[PDB]
């Protein structure tokens, strides 16, 4: 009876078995990575069944199995939510993780600590499953912090490198800035609604006030790398390529957008929070695309692409289309994970080279990665009838036909054009020109793990969009009618971006040199935000931490007031009392004076 | 309660009659047995209390503190086994005698049905700690530190005694049960204001409160490892226990008398968390982190709400365990480096991987990672303060961020990076140190399964 | 410009010593002396010890302990459409009101 | 990676290969022990250009303080071998 | 005629742009020679203490101990009450306290007034 | 790196460093090979028009203005080799470098494995043990009065001698130890 709950819990629990076995003998052999990969594939195959049951019937469930503690009138229990979002996002994440692990078995073969890398990946996967399936705010916070800790531990994978540690600390700092708003939201919800459970929160909040939603938006901006707190995501590429492909591309970074999606009953009741979300998403996507258009590191460009897609999804949330944002999450997972996988294959085949200035003719030298990246870039740019079209096209149609900010609409259009433009830049600078790498050619794709892992994501990015779009029940009203020019606006702007980017890139062939302009310097240096914001605030804080707090107050004035003043006064009194020459003349003169004073004073 | 006090007393003749090469084994085994016996007190009841006799009683606030105090001694013995190796048998027996006397005084203090007996034992705890700090301390500043650790405390508590006897001249009794049942409000008067100050400043100074915390970095830096353990883990919680016990008679004056202390604590948490960012010493960093956590607990106690009390109790227990483990790790590093400086020893995960894992777990626990009891207390106090005022969260949020920063900073400077080339006396970690780390860290993760055991009487 | 003779001599000696040390860093064929002592099928056993047993345990735990308490597992009620039949009652649900169908 | 363990012979062959493609040096006159401004009559700018050409050839860049005193192909080979820890 | 680079505290001036690394005088060369000489003396001492096979400990650095003592245990003996120090201490140790006290007192006064008058909508505010 | 630094850099060294930096940033600007070759030859020519400048007060004004020009167009995102101090894999394998003296702390059970390597290890240790005693005297006699001026060490001058302070240079762990 009730196979749905049993299977939904079983996939999560069997994701945990290798963690327990990590203390056994298998962890000390070379079969551990294959063991973890097989476990993940089996979990995905098992979790495919609840998705089918939901698709056939619409089955929904919440499981409150273990009661943690009762604080007077508030009961905290281990509650799991198995709604549409959870049972739909488990298989996608599991499939992506399986592909990334199969890729890692080949990419990280030379790492002495590869079993630890695989167990770290599995721990991150478990934390993300906890975050996604959480039904109360406490479990959601547990997952929220677990994914952050796993990202911190995986970014600084190479402890010798200082830059990796700096990037990990930066990510922790920005995630804690988001955690401030998350804790604000939890505190307000428990103070007012008297429950961290989502059901009671939805029942007791007919019109949600500004404060809890502002806190949720702050947390979502913190973890999704919105414009205010963006640089940590581009900085997080110091870690190994699989970490960026799994964590900081498709799974962990969409957690803030998923948090905003989970609270869609409360988001539709507030109109100012929607405007703030729309503006934040628009500025994020535009700024990240403008930064990406002029970068030279492939990983940095793909990271900025991920940030732009996250900003677009935040725009979608701001225009009151949560299900469409979730759909875009699902498609972006596939194609962006495959894009990072192709980039990692290029880097590995090219002797640990990431800069595109030393990447030349790879269209023929290594064709499978070339065609995979071409398919992924076409899916990214919303080419019709691909995995990205069925989400991004609807995003554009919804944002064009909505009573929203016009500036945000313009920013979204320019962001899509710039997305097409830097996809063109990647293809042109990595696969079209003459070779520019060192003469010792070591290009090789002939490994079954790499080929199979890439081909699964190819099949995904080709057909999964159609399958998902045609196999889910409708959850929003369609834009049935459309102006002919407005219908093609996304396609027109994307084609215009292709044309302009290609025309501007083809000018580098010319035998003409010119110094960069102000706009190029602004865009190449990431808008100067990483410089100023990492030098002006921190220094000042650090300076104060030693000037006022440490030296001036703690070590000087707090020491002077109570203890040192007392010591000085007592020393002076002791000196005055004990400074007697030993003359009885003075002693008995004082005796006469006190005898005289007592009779007058006390009589 | 005598079934636990008597074995603690009998620990002394057993230590003094033991062989010159078997004192540590006997002390550790019998201390662990006493801790196992004291685990029975954890079975509290929702009713009044476990009133054993006229002199001793146990509550669900006293029970976790008693269990922690009993559990601390074996850890202190294992920590002190190393640096007392070249010590004469008589002096080692004296050290163990001081530790046993301190445990006995703390155990008698945590039950303390009568308030004057509570104060007498509260101050009796001051003598063995002072002797330990001033006698078995490596540096020359220890004496000065000891002086501070004495006088501050006494300066806080000498008025309290007068206040205490004054109460017994008016109320007629100092039994906590009669005090609770016959509580009467304090009118808004200058005399009542000064009685409130006399009652509160005694426990504020030992917690410590920001501005009265100058003795704590000195005492923790200059004391031996066992002294640092007992000061950070248990001796700091005496102020919180005393405040939660004595605030039953200060209402409703506290409703307006807690403003200076709330402001001082809410700003001193930020000040000490920022001080931790720029510190050249590990022990000072740990001490200032302890100051920040105790300031948060002070805020919780001053709010005076059920969630505040629950969070305060949980945070005291979790902070005691975490600070003890951090001090143990710092001492393990110091015993090899002999310098006590963060930047001299670097890149230790290449040489000591399991110690690096212990450092990571301790830093995560200090960083208040869910679902640890650290974050349980943190969130309880934060929500209670939010109910008290919606603006406090801002300060609290800042503190949280800063906390994580310095924690990971302590993890990154000492463990990550390149090792120091000219240090070639880094021997592999002994089984004793690893066992100490495990015995510190496993109780935390086991208590997070059953939080109600440390949530206090208001659960 | 260039190396001085002392620099050349020191460099040559240091590189000779370095090459000798690096060659000494190699391993003999028997160098890792391991002391021995003892005290479809793969997928078949994997599917039993890693999938079937967790399914059994969770099914037991949910069916006989979790559902023993009220409101632990709550299912959203199934969607109801005109013309359906309820298994519990057996009564047929009335259809629509034959709206005018044209294109 | 699957990178082969380059040897001293390979390093010397690649150094000579890079030097012979430099048409300012006579291919039939250049030797492994040939000096730059003395045996070949080059200039300092040509020396730094050779240094950079080898830098691109081997995928690693030599510091200026060490580059400005690498004057023979043999000592360039030996410097690269010492940097890459080549056995034979 | 290119735009000129303006050095700042957090973005200093490059060595190649130093207007003092050109107007070279024999005194400057002598100073550089003495700096190299003392640096070489220290390096030779450290290398002699470092390659000794009979050493089985940490090489004590007087500079590190001196830095730690200066940062920690020398601040007070060189402290002198001055108008700058007094004003900075008073500000940084008093102003934030009264600022936060005023903010929280105003907020709580508004909250208590709203409790007394009665329109705050305290529904479901059970746990406090 | 391996060579000791001097008290100062001459005009020749500064000119060479500027030329190398300009070429590197030019190839960063000029991505393609033919364009880079053309512009590098052109910049070498424009750098060569003032080779034979005689007076030093005029040759120092040319390089001073060349350092003001390079800064203006220095490509704020230059190309860096992966193992360079700015590269993506600069200190990637720095945590795998374990010192040799750590092998002195191995358990005898672990030292039962690899016996020949350890035998060679005591051989090397003995060699160092006599060599250091020789090198102390050699370096003490060869040093000038008042202390060294440059941190360049002399080589070995006798037959059985080894260069002073050689243990920590030849016993580098590896480039990629693991």
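For reference, chains read A, B, C, D, E and F in written order, and residue numbers begin at 1 within each chain.
To be clear about the criterion, a residue touches a chain if its C-beta (ideal position, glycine included) is under 8 Å from a C-beta of that chain, and two chains touch if they have at least 3 such contacts.
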{"item": "A-E against A-F, pair bridged by the larger set of C-beta contacts", "value": "A-F"}
{"item": "Most widely separated chain from chain C, with each centre as the mean of CA atoms", "value": "D"}
{"item": "Most central chain, judged by mean C-alpha position against the global CA mean", "value": "A"}
{"item": "Approximate Å spacing (C-alpha centroids) for the pair chain E, chain F", "value": "32"}
{"item": "Distance from the mean Cα position of chain D to that of chain C, given in whole angstrom", "value": "50"}
{"item": "Whole-Å separation of chain centres (CA-atom averages), chain A against chain B", "value": "37"}
{"item": "Separation of chain C from chain F, taking each centre as the mean of its C-alpha atoms, in whole Å", "value": "46"}
{"item": "Where chain C touches two or more other chains at once, by residue number", "value": "1, 11, 18"}
{"item": "Touching two or more other chains - residue numbers and ranges from chain E", "value": "50, 127-128"}
{"item": "Two or more partner chains touched - positions in chain A", "value": "71-72, 159-160, 162, 190-191, 351-352, 549, 553, 558-559"}
{"item": "All pairs of touching chains, each written as two labels joined by a dash", "value": "A-B, A-C, A-D, A-E, A-F, B-E, B-F, C-D, C-F, D-F, E-F"}
{"item": "Contacting residues of chain E [partner chain A, same complex]", "value": "10-11, 75-76, 79, 85, 88-89, 92-93, 124-128"}
{"item": "Residues of chain D defined as touching chain C within the complex", "value": "44, 68-69, 71, 75, 78, 81-82, 85, 87-88"}
{"item": "Chain B - residues contacting chain E, complex", "value": "141, 259-260, 262-264, 266-267, 280-281, 284, 305-307, 337-339, 341, 343-344, 384, 387-392, 395, 420-425"}
{"item": "Contact footprint of chain F on chain C as seen in their complex", "value": "1, 6-7, 9-11, 13-14, 17-18, 20-21, 24-25, 27-28, 31-35"}
{"item": "Sites on chain A touched by chain F in the complex", "value": "112, 158-163, 238, 295-297, 351-355, 357-358, 429, 433-434, 436, 508-511, 513, 515-516, 521, 524-525"}
